[PDB]
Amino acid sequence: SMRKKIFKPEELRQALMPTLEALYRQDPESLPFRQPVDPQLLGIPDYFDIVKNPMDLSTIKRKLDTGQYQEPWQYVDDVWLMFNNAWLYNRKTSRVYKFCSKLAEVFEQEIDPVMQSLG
């Protein structure tokens, strides 16, 4: 755990994109996560006060596509940031909160064999 191997961006993309596609495939559950939260449109000006580091599927996709992840745990961390933001901000009865919980179920199943294979 002290030796950090090198990952090429195209390799990470090939390995990790199917786990992101698994999240996009969830419908309607991925719909609130396919674009960044817009607190102006949604009328929630306090959103950025509570959620200091916004994250969504389109941002994760862009970071994968543009080679911004150096290691696979940085991708896992962004996915979980998106989950934790939604669980922090939203009430437990809300569609977003429940949809988030479903995505986290899906993602944990998809990501496990991929992380084992990347090392």
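When you see a residue number, it is the position in the sequence shown, counting from 1. Throughout, rigid core stands for the largest set of C-alpha atoms superposing within 1.5 Å between the two forms.
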(message) For a rigid core alignment of each structure in 7 other deposited structures of this protein onto the shown form, which stretch has the higher root mean square Cα deviation: 41-49 or 75-83?
(response) 41-49
(request) Would you mind comparing 62-70 and 26-34 for me and telling me which has the higher average C-alpha temperature factor in the entry? (result) 62-70
(request) Going by the average Cα B-factor in the PDB entry, point out whether 72-80 or 43-51 comes out higher. (result) 43-51
(message) Just the C-alpha B-factor column, please: which of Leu12, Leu20, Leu103, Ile111 has the biggest number?
(response) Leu12
